[PDB]
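Here is the structure we will look at.
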Amino acid sequence: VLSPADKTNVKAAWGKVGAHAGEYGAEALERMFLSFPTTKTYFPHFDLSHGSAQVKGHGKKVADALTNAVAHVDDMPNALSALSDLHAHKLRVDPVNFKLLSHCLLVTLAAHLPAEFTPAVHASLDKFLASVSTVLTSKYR
Amino acid sequence: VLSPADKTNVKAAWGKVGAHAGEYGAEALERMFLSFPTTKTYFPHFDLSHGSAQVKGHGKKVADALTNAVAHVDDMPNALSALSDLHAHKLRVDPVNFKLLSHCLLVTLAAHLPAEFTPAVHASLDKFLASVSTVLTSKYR
Amino acid sequence: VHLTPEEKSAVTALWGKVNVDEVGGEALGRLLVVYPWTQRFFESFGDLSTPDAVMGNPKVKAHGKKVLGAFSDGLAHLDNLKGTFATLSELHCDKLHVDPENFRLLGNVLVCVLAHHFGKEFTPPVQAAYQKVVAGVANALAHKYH
Amino acid sequence: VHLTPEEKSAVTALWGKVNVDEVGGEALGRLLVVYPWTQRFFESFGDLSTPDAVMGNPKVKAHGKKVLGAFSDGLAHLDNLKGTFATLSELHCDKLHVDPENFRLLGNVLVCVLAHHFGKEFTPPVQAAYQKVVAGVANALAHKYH
Ligand code: HEM
Ligand code: HEM
Ligand code: HEM
Ligand code: HEM
Ligand SMILES: CC(C)(Oc1ccc(CC(=O)Nc2cccc(NC(=O)Cc3ccc(OC(C)(C)C(=O)O)cc3)c2)cc1)C(=O)O
Ligand SMILES: CC(C)(Oc1ccc(CC(=O)Nc2cccc(NC(=O)Cc3ccc(OC(C)(C)C(=O)O)cc3)c2)cc1)C(=O)O
């Protein structure tokens, strides 16, 4: 569970991301595709080249869903309900891949927020990404 | 999320385990130590030889906790709170190991329940074990 | 993979009692029932709505025997799994887009099927030997992914 | 492990700018803060209750320096990580009883620290090369487990 301290850390870090959220979402996807090549099997229909507008467009959707989740930290299951159905019944992404994207999102935040990414904020962000991942896979079976 | 059909399947399969819960618990541990040797790192203070009193005794404690979880399947977080605190604050077993013990428990039940281990019951027991593992690691951080 | 001569005989001995077509259909059907997201590659197989629909589906059965037949032939090359599955690895990555995590899930479902099928003959040491094999085959199939 | 010329150049060039003493303390401290259960191997280190206590702990800093120091030696032997870490692998298994999964966690925390420290210089291609290296070191260290 996210403590009051965790929620404050997450809203503070994401607040600093601000309008750069979409750019960071695309960077996190590029990091994941390069570091963990197996994740590319879910995007055979995408041009995965660096600078690809399809990855930049998808990065923005992922980042917007995260912004929505931060705004509804106390009510994530309902805020992310359509996304849980989508991943559980259509996309069917194996659960292990959520840990790979979460790691790459963390690396992207570390690379962009040097002053904000303290050890305490790092721990809170990691807990937040595991909760989002838990919600998105709650309807798998 | 365990559905009503899952709870019905788990109760039926476990009822059949019955008085063998302790010996099936001991067998699942032995299968884990042999198949996944890294799990032995958490038991350096145990005589892990086949049939040892410590493994049979520990196997019995694991099975009782599992029978308790089956008896209170609608309220697992509360039923297993003491065990949840024990694993998060004292034992500190990495979460990956719960998947390994769950697989070995599933193999033990398959080898002992020829009539009951249908595909639907197999899915229900796997979900049940994943739920128990989730409750036991819910207080890790 | 490194198997002691005793682990190899344990694997081979039990395998000679396996009805490959039967166990293949059983393993793939259970994979699709227990881990439903694996159904993503099989939309053309038709009705996969319930556990009974999956187990009785003739296309699931036919694919199960194809998958287990290649696994069976691989048992004769336990000392060279990577070279034996190189082409199948490339096919699964480049054309089929199968996340290698699926191979690990199938391997664990196969171990449960063997335990259900053999009961007490599927001893803890025999399971340990089969665990190394399914991990070895999963790694061999994932080696050409890029 | 097998790295392409550019990946080996990326790993080596970045490492020449790493102050092992400071980076090691950061990586170990963050491991203990972000994944608290890893504190089970360090009961004799003192105060580890708060993030500030862990990060300022002199014993956490001294140990981090030892760990990354051994890690450094491995970068000089990327072609033979298993031979390089065989003795340390046995030590961690037989005397320390450290679950190898901890090596994976430390490797990922190290990648986060490098990104935090280097910013835009830790590009996606550089991270990919480091992920291969940390997975290789983790595997080399788990190799002698039995
Ligand atoms: C932080 C976790 C994640 C979030 C918030 C997220 C969110 C989303 C969103 C917002 C969409 C777009 C739905 C729409 O069009 O309305 C989507 C699509 C998709 N996601 Fe996820 N996702 C996550 C993790 C994953 C992972 C781990 C993978 C696989 C490696 C993945 C693969 C996909 C695929 C293939 C699509 C379809 C893209 C397309 O065809 O346009 N997702 N996701
Ligand atoms: C189905 C999941 C599990 C259940 C139900 C469970 C249950 C228990 C119970 C009931 C105890 C006894 C506590 C007492 O004596 O008061 C215990 C102890 C312990 N468990 Fe867990 N456990 C599970 C998974 C794990 C895993 C995966 C490992 C590690 C591979 C593990 C390692 C330990 C250790 C080392 C102890 C202490 C044993 C001793 O020194 O006596 N547990 N567990
Ligand atoms: C021990 C594991 C596996 C082995 C040895 C194996 C083997 C094979 C073989 C021999 C083929 C035929 C290739 C050809 O037509 O040239 C095939 C096809 C295929 N496999 Fe795998 N496979 C395995 C696991 C999996 C898993 C777990 C999935 C996904 C859940 C999967 C999905 C597919 C698909 C979709 C095809 C194409 C079927 C068709 O076109 O009719 N495989 N596999
Ligand atoms: C990057 C991987 C790692 C390397 C290269 C490494 C290296 C070392 C070395 C060189 C020693 C010093 C032994 C001596 O002074 O004789 C050692 C000790 C130790 N390591 Fe590891 N290690 C690694 C990861 C880990 C992890 C992740 C844990 C647990 C979270 C761990 C726990 C320990 C402990 C408990 C000691 C003993 C400390 C003491 O003297 O009390 N190590 N390690
Ligand atoms: C297909 C693919 C990619 O399959 C994989 C991939 C990765 C792995 C292992 C992996 O790399 N793990 C990983 C990678 C990157 C980051 C992390 N981080 C963590 O998982 C952090 C963590 C750990 C335990 C946690 O447990 C608690 C109880 C605290 C929780 O979940 O909240 C939470 C978070 C883990 C295994 C198979 C493969 O074959 O290569
Ligand atoms: C220390 C150790 C053991 O480290 C690792 C690293 C990665 C792994 C990966 C692993 O082997 N996974 C594994 C092994 C055996 C059985 C299983 N089974 C499952 O995970 C079943 C499963 C899968 C997805 C699930 O997801 C949903 C969303 C359904 C859920 O959580 O409920 C739930 C259950 C998984 C294991 C050990 C090592 O180095 O050997």
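Please read every residue number as a count from 1 along the shown chain.
Recorded method for this deposit: X-ray crystallography, 1.9 Å.
Cβ atoms are placed via backbone N, Cα and C, with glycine included.
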Completion exercise
If one consults Swiss-Prot for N6-acetyllysine across A:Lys16, A:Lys127, the residue flagged is A:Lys16
Problem - A:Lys56, A:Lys61 - the residue Swiss-Prot records as glycation site - result: A:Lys61
Exercise for the section: Give the subset of the recorded positions A:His58, A:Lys99, A:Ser102, A:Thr108, A:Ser138 lying near ligand 5, defined as CB under 6 A from any of its atoms. Expected result: A:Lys99
Exercise for the section: For A:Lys99 (site 'Not glycated'), write down the residues of its own chain that are at least 6 apart in sequence and whose Cβ falls under 8 Å from its Cβ; none is a fine answer. Expected result: A:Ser133
Problem - Interface-proximal recorded positions, chain B, C-beta separation under 8 A, candidates A:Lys40, A:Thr108, A:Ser138 - result: A:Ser138
Completion exercise
argmin Cα dist to A:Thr108 (phosphothreonine) over the recorded positions A:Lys7, A:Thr8, A:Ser102, A:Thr134 returns A:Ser102
Problem - Sequence-ordered recorded positions from A:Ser3, A:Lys7, A:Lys16, A:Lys56, A:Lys61, A:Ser138 with Cβ under 6 Å of an atom of ligand 1 - result: A:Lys61
Fill in the blank from the handout: Close to ligand 6, in the sense of Cβ under 6 Å, among A:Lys7, A:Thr8, A:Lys16, A:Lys99, A:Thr137 as recorded positions, are A:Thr137
Exercise for the section: Quick one: of the recorded positions A:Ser35, A:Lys60, A:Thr134, A:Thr137, which have a CB under 8 A from chain D's CB atoms? Expected result: A:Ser35
